[PDB]
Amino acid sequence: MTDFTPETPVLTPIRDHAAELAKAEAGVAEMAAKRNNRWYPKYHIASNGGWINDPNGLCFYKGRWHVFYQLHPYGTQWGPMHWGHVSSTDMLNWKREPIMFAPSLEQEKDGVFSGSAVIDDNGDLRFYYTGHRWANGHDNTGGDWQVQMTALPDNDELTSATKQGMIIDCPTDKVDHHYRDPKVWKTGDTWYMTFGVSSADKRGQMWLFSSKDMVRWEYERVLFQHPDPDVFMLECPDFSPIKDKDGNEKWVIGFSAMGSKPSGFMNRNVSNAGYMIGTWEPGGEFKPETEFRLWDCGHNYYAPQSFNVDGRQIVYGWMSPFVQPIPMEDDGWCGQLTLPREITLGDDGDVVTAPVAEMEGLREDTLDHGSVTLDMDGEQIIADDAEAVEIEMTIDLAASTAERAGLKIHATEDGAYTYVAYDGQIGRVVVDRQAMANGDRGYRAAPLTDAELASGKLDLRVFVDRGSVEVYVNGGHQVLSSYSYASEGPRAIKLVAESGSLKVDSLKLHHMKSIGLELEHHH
């Protein structure tokens, strides 16, 4: 009826969903068949073929972990949006599932955009997602035209769903196009949805709705507007309560912000995700108590989604390749997710995102190097050939006189490498790709607080996969995720000290198992 919030869903089939699924399966299979594994992850989620982006429909349900993701089943760049799907009983051994969604309704005809999953009062899962149309009916040049949809699984395995159609329409004149990425949750006795919006005045907002049956929605208010007028859109919003060190609940608002200008080491990527911590009276505005901070300070990270399982809030991000050249796109796939992280609040009151505990189960072994000291400028080989490894190290900052020091990873015979370092001139942990022979380069620098610098010790937990590095700083107080497209031959890891000494109190290497998604793998 043009009520922005229809009283019952608007279901408008226009394509055979089974046949569209079958065509998507074929597209993925053509790319998987010719895939080059040189940079393909051994222990991160990627499509078996094609481009992926945002994680979606994240849940634990009926005895399995489920990860869905935005998928272009016909090439290795972004294109008509589908949802792909992997599942696991343990977060360690994963299986590929049928493609879940292809566009089949009028309001999503140009893409099945990002969405989430939530378990209702009866223990039944519901999906919420955005349906995308080109505003001009053609291509991106006239902008987006977006609405919110819902669907219900057909089975406990979540291998297929019945779509129910549009539940929240777009009031065209109140929005500047962008209108997407829903999250639904229950607080007290009321169900709430939020999603991202660009206002009529082009400000990034999260809107709030409420529902009693999860299907018919009512507009409540604007939950949050981003204080920087350069920020015009908040994609992939997140909102959840997290227990602080005193046992009090804080609300952590999250989004993937479009429009910020880079400043110093902050907001360096094309778009940038992060958080603020604050308070919320249910039904009211979010009241921030902190300035914006990045979820991840690395080169390649965006669109994180979080979900709750038995009191734990767990988050995946997409490692987003927004900058040319992207050489993995020649290899029949593009895009992986980060490892799953747990969102906690540390003793200093700030968000901490350590890997979930289950990730310890990736370790095949432990090579304990003990304490290592470099007395002056130099290097030591820690590994002659590391395809997929985790390094844990603690550096004694107070004793080490090196100006910069850390690990060169993917250090190949042509002299290329990616450098994970503490840099003492700036008091930050960097990932620096200047010497890489493939992909775009640059560096990214994660902040250390005065207390972290005064502590005298610095912990790094570094996950190297075939095409990527993730650096967890001080137990995931900060994280930097970045692609690292190793050159050919053996891929060394080297401990490095520049212009002074380096005292490493503890250094351990673990080889990483496969999560079973690459299938049979060679060497």
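Note that residue numbering follows the sequence shown and begins at 1.
- Remark: stretch with higher mean C-alpha B factor among 151-159 and 216-224 is 216-224.
- Remark: stretch with higher mean C-alpha B factor among 375-383 and 317-325 is 375-383.
- Note on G204, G115, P103, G84: the highest value goes to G204, judged by CA B factor as recorded.
- Comparing the C-alpha B-factors of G111, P288, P73, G196 in the entry, the top value falls on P288.
- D414 sits in the highest third of its chain by CA B factor, as recorded in the PDB entry.
- The PDB entry assigns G27 a C-alpha temperature factor belonging to the lowest third of its chain's modelled residues.
- Annotation for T366: CA B-factor lies in the highest third of the chain's modelled residues.
- Sorting the modelled residues of the chain by their CA temperature factor places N438 in the middle third.
- Split the chain's modelled residues into thirds by C-alpha temperature factor. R444 is in the lowest one.
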